[PDB]
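Asks: Sharing an experimental structure here, sequence included.
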Amino acid sequence: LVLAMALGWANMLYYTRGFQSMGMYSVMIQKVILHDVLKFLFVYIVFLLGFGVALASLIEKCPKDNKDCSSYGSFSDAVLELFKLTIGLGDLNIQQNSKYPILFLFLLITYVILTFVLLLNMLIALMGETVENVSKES
Amino acid sequence: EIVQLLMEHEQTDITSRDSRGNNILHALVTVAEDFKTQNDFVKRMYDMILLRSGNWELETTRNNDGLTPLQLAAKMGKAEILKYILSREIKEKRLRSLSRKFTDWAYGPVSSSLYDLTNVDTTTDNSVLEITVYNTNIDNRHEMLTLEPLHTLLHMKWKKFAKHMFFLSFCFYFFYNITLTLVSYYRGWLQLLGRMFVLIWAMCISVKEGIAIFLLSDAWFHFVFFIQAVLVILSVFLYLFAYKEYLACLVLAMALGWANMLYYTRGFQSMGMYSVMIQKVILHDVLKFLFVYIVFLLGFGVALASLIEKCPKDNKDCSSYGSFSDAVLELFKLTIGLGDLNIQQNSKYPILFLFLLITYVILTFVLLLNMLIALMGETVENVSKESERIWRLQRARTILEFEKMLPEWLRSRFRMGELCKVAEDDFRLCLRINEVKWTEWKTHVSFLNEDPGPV
Amino acid sequence: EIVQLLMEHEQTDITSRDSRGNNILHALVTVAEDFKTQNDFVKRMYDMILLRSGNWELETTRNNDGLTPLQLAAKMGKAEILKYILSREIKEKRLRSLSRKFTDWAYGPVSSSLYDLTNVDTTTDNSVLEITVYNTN
């Protein structure tokens, strides 16, 4: 049910075609989600699936009677923490259950910096392609 | 006028090679800076001098460097003269042989021009195309490779084999790094087989990278691949022995390996320009931000730590920003949004602490803002053009690399061009390009095939 | 000049439909790439050939695909020729019928032009407007 409902409102964007301003706005959303954002998302997903297995392998040491000590334990949990971390929700911290906390921290900081420059470049390519394109082609 | 007089005189020797080996045409190639500078007289004098001597002697001579003027106009960054040479439609029936561009049939606006490929294709040593692609000294190679026969050769070589070899190498590297990730995540039989395949393929990559480095910001990728293979072989070596630091050698390759898959984003045009933009940005703009941010970290951290010179007094939790490392870490949290901004209780001057920290936030903000400014200012008319100009150039380099990898018989199979009889007693390789032109109408007098159609 | 000579000759058949069904005007529509490429001679020859034959026959014929040259200049992406066709103000009182743009009154700078809608409106099947809108090619 809800997966239709949540989709239904997203389809109301269709009926934004009436207004000229809102119509160009919605078509810009469509062209952007088709052209530029998928590039960012594919690279970000492969970075997630690459750094997550690493950070999880560093936690190969068992939780030793405490699951709270074992953060980044499951691969899913580590990918989730990285998705928290790109936004600002996570809890960056030096690990105690790992064997190489310095390498953990280094990989995590490099992940942040790569996500940042990747965001920066999607912004660049966006600004470069949109001029004389989204003003007219929209 | 004096050139006519010198050429008309009997004693004159047009084939006179100077101390450097260069004849007159070589000299004209060395003196062909550009159009905006010269107004294009060197091309006309090349035409004049070569038509006054109806022979292949001058373009056939090699200087002491071992180069024809065609190869010299490519090694040197001379584009107008090369465009003239590679595209020549001479009307005189006597001097038809000296041409390199021939129209074998035209019924109307349609016309199938027939370029020549003697010393342009990669069959001969140090050909024109190898010279254009395998040198960085010029910084004009986009104007060089947009010339017609070279451009169509690269497209045909892509359409035939290089696409498949590129996708094939991508698949091998894909399975390689996925086996590496399965190993790193689950760390006996499958593990042993995967480790064996990894050790096999890593040696190949290492040898390729070593040969490429010995033969030598376009080659950074080779260095990074070599670092990856080195780390992988070190890890597989240390796994047999009872060392602990093998795993640190493993993931640091794995995490690097996926970052090297950006390399194989060069295939897609959009993704290729995107990856080259990443490279140019991480080289040009981001390092400026990072150096300033690092010195700000190392400057404000010692300050904020010195304010905590008061001891933790029986509670480490009270002592935040105690160690310099902890303070730098809290500042790196704070620029993102992860930290916990708060008034300190273990300090002697909390107001000064808060002021320094707020100034740090504001300076980081304006620094981010200015990297964004300089980025937007430099990228316009740069990343839209220079991205493609670098991408297509990397593609030409890779295409010629894969063509160099193949053996002789597959080259002879995929040898582009068709043999044609350009003039009576001449049989030569040529390339057929069909063109449609509506502006210039004329009677097609010069043409090879009387029957205008494909056969 | 040769077109004048061919048209003047009595034996010539302007309505000659080729193997594909296309008469001369269809052919001109297939050969009307753009302005920057051709310098706009096809429009003039369309005008010439259609005024040399003061009839609706040529624009009325349908090819084997089932299309008039007006519909073909829309299915194919030919804009200059279509702008010519849909907007025609012929001065000759004899050949006034062949026009599609008419000025029913003008007192000064004001002028009320009167375009035509026979095969442009959606009344007829596969009209010009449907052809323009319902193709992405």
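Replies: Perfect, I can see it now. Residues are numbered from 1 along each chain as shown, chains lettered A, B, ... in the order given.
Asks: for the lengthiest helix in chain A, packing partners?
Replies: If you go by DSSP state H, chain A has its longest helix at helix A:101-130. The helices and strands touching helix A:101-130, judged by 3 or more Cβ pairs under 8 Å, 6 or more residues apart in numbering or on different chains; DSSP states H and E, are helix A:37-57, helix A:75-87, helix B:246-260, helix B:269-284, helix B:286-306, helix B:350-379. All C-beta atoms are positioned from the backbone trio N, CA, C, and that covers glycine.
Asks: ok, 6 Å please
Replies: On a contact count with 3 or more Cβ pairs under 6 Å, 6 or more residues apart in numbering or on different chains; DSSP states H and E, helix A:101-130 meets helix A:37-57, helix B:269-284.
Asks: what would those look like in JSON lines with mean neighbour count?
Replies: Output for the helices and strands packed on helix A:101-130, formatted as JSON lines (neighbours: other Cβ atoms under 10 Å in any protein chain shown):
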{"stretch": "helix A:37-57", "mean neighbour count": "19"}
{"stretch": "helix B:269-284", "mean neighbour count": "19"}
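Asks: got JSON lines for the ones you listed, with distance to residue A:121 too?
Replies: Below are the helices and strands packed on helix A:101-130 laid out as JSON lines (distance: least, Cβ to Cβ, whole Å):
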{"stretch": "helix A:37-57", "distance to residue A:121": "8"}
{"stretch": "helix B:269-284", "distance to residue A:121": "5"}
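Asks: For residue B:1, which of those helices is the nearest?
Replies: Closest of the helices and strands packed on helix A:101-130 to residue B:1 is helix B:269-284, at 50.7 Å (criterion: Cβ to Cβ).
Asks: I would like the residues contacting the closest one, please.
Replies: For helix B:269-284, the surrounding residues in contact (Cβ atoms under 6 Å, 6 or more residues apart in numbering or on different chains) are A:39, A:117, A:121, A:125, B:217, B:262, B:265, B:266, B:383, B:387, B:390, B:391.
Asks: Greatest separation within those residues: which pair is it?
Replies: A:39 and B:217 (21.7 Å).
Asks: how far is stretch A:23-32 from where the chain is centred?
Replies: Relative to its chain's centre, stretch A:23-32 lies at 21 Å (Cα atoms, centre = their mean, to the nearest Å).
Asks: Same check on stretch A:70-85?
Replies: Using Cα atoms, centre = their mean, the offset of stretch A:70-85 from its chain centre is 13 Å.
Asks: could you dump that stretch to CSV, C-alpha only?
Replies: Below are the C-alpha coordinates for stretch A:70-85, written out as CSV (Å, rounded to 0.1, in the frame of the first residue of the first chain):
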residue,chain,number,x,y,z
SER,A,70,31.4,-4.3,18.2
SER,A,71,30.4,-1.5,15.9
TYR,A,72,30.9,-2.0,12.2
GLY,A,73,30.5,-5.7,12.9
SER,A,74,28.1,-6.8,10.2
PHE,A,75,28.7,-5.5,6.7
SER,A,76,25.2,-4.0,6.6
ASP,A,77,25.9,-2.1,9.9
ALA,A,78,29.1,-0.7,8.5
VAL,A,79,27.5,0.5,5.3
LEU,A,80,24.8,2.0,7.4
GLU,A,81,27.3,3.8,9.6
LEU,A,82,29.1,5.2,6.5
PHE,A,83,25.7,6.5,5.1
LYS,A,84,25.2,8.1,8.5
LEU,A,85,28.7,9.6,8.3
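Asks: still on that earlier bit, just want the angle from the longest helix of chain A to helix B:386-405.
Replies: Per axes from the mean of the first three to the mean of the last three Cα atoms, to 10 degrees, the angle that helix A:101-130 makes with helix B:386-405 is 110 degrees.
Asks: how distant is helix A:101-130 from the center of its chain?
Replies: Taking mean C-alpha positions (Cα atoms, centre = their mean), helix A:101-130 and its chain are 10 Å apart.
Asks: ok, now stretch A:35-46?
Replies: Its chain's C-alpha centre and that of stretch A:35-46 lie 9 Å apart, by Cα atoms, centre = their mean.
Asks: again with stretch A:26-33
Replies: Distance, centroid of stretch A:26-33 to centroid of chain: 19 Å (Cα atoms, centre = their mean).
Asks: Then stretch A:81-94?
Replies: 12 Å.
Asks: end-to-end on that stretch?
Replies: In stretch A:81-94, first residue to last residue: 14 Å (Cα to Cα, to the nearest Å).
Asks: ditto for stretch A:87-95
Replies: Rule used - Cα to Cα; the end-to-end distance of stretch A:87-95 is 20 Å.
Asks: swap in stretch A:56-75?
Replies: For stretch A:56-75, the first and last residues are 6 Å from each other (Cα to Cα).
Asks: Check stretch A:91-102 too.
Replies: Span of stretch A:91-102 from end to end, Cα to Cα: 16 Å.
Asks: try stretch A:49-63
Replies: The first-to-last residue distance of stretch A:49-63 comes to 22 Å (Cα to Cα).
Asks: so how far is chain B from residue A:74?
Replies: 11 Å (Cβ to the nearest Cβ, to the nearest Å).
Asks: Likewise for residue A:33?
Replies: Relative to chain B, residue A:33 is positioned 15 Å away (Cβ to the nearest Cβ).
Asks: Please apply the same query to residue A:19.
Replies: On the measure of Cβ to the nearest Cβ, residue A:19 and chain B end up 30 Å apart.
Asks: what do you get for residue A:41?
Replies: 12 Å.
Asks: got it, and residue A:80?
Replies: When Cβ to the nearest Cβ is the yardstick, residue A:80 and chain B sit 15 Å from each other.
Asks: now residue A:134
Replies: Going from residue A:134 to chain B by Cβ to the nearest Cβ gives 14 Å.
Asks: likewise residue A:32?
Replies: Relative to chain B, residue A:32 is positioned 14 Å away (Cβ to the nearest Cβ).
Asks: Equivalent analysis for residue A:135, please.
Replies: From residue A:135 to chain B the distance is 15 Å (Cβ to the nearest Cβ).
Asks: With residue A:137 instead?
Replies: Applying Cβ to the nearest Cβ, the value for residue A:137 to chain B is 16 Å.
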